[PDB]
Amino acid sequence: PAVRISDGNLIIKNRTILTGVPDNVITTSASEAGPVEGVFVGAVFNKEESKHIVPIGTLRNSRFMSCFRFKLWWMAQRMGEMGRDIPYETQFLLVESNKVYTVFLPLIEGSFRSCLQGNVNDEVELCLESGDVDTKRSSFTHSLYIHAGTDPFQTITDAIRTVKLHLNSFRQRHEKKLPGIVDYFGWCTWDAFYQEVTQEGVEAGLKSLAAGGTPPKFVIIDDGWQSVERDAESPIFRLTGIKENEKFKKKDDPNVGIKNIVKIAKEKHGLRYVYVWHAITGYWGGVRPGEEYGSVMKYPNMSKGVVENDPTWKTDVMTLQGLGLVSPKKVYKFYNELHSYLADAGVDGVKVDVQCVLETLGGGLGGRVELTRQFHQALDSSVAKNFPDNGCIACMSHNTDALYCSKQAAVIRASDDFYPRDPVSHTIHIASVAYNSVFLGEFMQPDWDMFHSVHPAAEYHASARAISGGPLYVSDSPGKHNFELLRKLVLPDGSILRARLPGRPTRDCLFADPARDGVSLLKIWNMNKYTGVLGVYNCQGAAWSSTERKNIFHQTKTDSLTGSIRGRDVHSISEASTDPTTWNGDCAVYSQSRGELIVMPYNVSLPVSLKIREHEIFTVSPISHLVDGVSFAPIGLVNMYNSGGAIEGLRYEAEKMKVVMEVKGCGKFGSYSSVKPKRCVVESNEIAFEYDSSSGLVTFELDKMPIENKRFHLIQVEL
């Protein structure tokens, strides 16, 4: 049976993972298409309760990685060996048997949501909550799912799909429509102006970016454009109407609102998309109590796991001053009127924020899962009507309540905010995004957030954004730009080189905490179509503290650390080979910063050494062997972080000793060749190239962007 409770012990492929499983902890593997290859888990209790907790079993000497909510809104990573180290509010837990990998997915079930928490006795406990006193239950069959396999990433995905086949209440990332913004550079006003943003600031930020040759094709007008008011210390603000405030009304004709800056953005400055920010509850303090939308004051319910990890939530302005919560009966009316107004003004999407609050406001109304479902149901209906390119970015949304009802939305902020003025944040941001994407990336495309192009950590953030697989945008104040940096990310038409997957830790890094263990470098892998990409980060020296309950610096024993890369760290690198059945695993590896090309045989390590807050990017291309002595691998646009993303087509013709490629973009193009090319041809005309006989690096300039909708350079390399 493979995954079974036998005696009081949890056994997986004949390894004990857990011991001492209570007698009340019930399994089942039946489903519509019966044979389930892992197991659903639940529990019978005595009484009708709105909160429950049962140990699943006792976990010892088994490496894990967990993603846990350090705050209501956001997750971060924790590794350990013992059940006691599992944090409160653990929403995703992956266990290594030493070869074999087990995932534990705490689920929503009816009106209940579960998570994992460790206790002092090393038991893994299942915490079950409705977030509502009037919604109570004694027995559950499907509040956890457990599945195991020998590829950690494939194990995760296979489990998620099985959970999806049970619930039918979400879709996986790859089944959703990505809105078009993800293929372009954007800018977001948040760090530029905070809430003091005006339409004149919008226009200035778009002009300053385009002026330097890296034009954003989307903008996020963030928090600060809505009509909000304090109740009639620090007071909370509530939405007073759905239309823009006076900073977004054309100064000349007060009856023309946000339409003005949209039309300026698009017509005058060439933007393809405009998005705006709003809280899932309208604003931070919700909507002002009123008839129109049924808004009535609600006060956040505290839950233990949340409060345990974030004690400041007890005294937070939202918690103490409440929110005007729009009624479930009128929630669709609210989103629709807001979004209809926005869409009729030419807005293409919304960054929907403060999302987890709903788990704390289910008191009257069905509890946490139900309130979440209802709001998202309405939100998704309005989005599909009003923003039909699927214009929704989910923010502050890292709860299982939301994730398991993520049926439509396709982009999710993967971490806590970029914080330009907080030195502790930068290493942590890189770690959180990477680890969180392991799980969040099964649901939606991770968004690794805005960043500053002018900042000590700019390269560190930007390089990470390049290999993220997600939208790429800055929050630069106007005129504070590093265009040399930006050209590494953004082509002259505003298109980017997006990788195809959520960027994730290598197999290598899944169980070794690169923020805390003091020994390991973080390696992040992604794919393009015909290359892999690998980013290496030192992100030691900071993390959330289990004692201080916040992000701090902590002690590190060296500044510099040495790890290594292998072609195969790029987990799916074989999908980039034009001939995987004959491919012997050899890769061309190009160091983006050092500008160095190395041939790396299958399994040969190359050492990499980095001080804290340093990084390196490598493009990893499968070598094709045309004949004995004629070997080749494309690299792409070598002065861009994700160089391989420029290669759209690749074909080998060994009978003619020829390589045929389709390449997007412009700038310097690089390839590995064992021999000096006879000819390099671009659009039928021979072009000059250089060749470094000792590295095999071939180079030539793709001078301009492809000529008119003819999307690609056609390149022939004759060897």
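Numbers follow the displayed sequence, beginning with 1.
- The modelled chain is continuous from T581 to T582, with every intervening residue of the deposited sequence accounted for.
- Of the two stretches examined, 140-148 and 270-278, the record assigns the greater average C-alpha temperature factor to 140-148.
- According to the PDB record, 302-310 carries the higher mean C-alpha B-factor of the two stretches 487-495 and 302-310.
- In the PDB entry, the Cα temperature factor peaks, among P106, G224, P289, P478, at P289.
- Sort the chain's modelled residues by C-alpha temperature factor and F45 lands in the highest third, per the entry.
- Sort the modelled residues of the chain by CA B factor and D422 lands in the middle third.
- Placement of the Cα temperature factor of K177 within the chain: middle third of the modelled residues, per the deposited record.
- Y101 sits in the highest third of its chain by CA B factor, as recorded in the PDB entry.
- In the deposited entry, the Cα temperature factor of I156 places it in the middle third of its chain's modelled residues.
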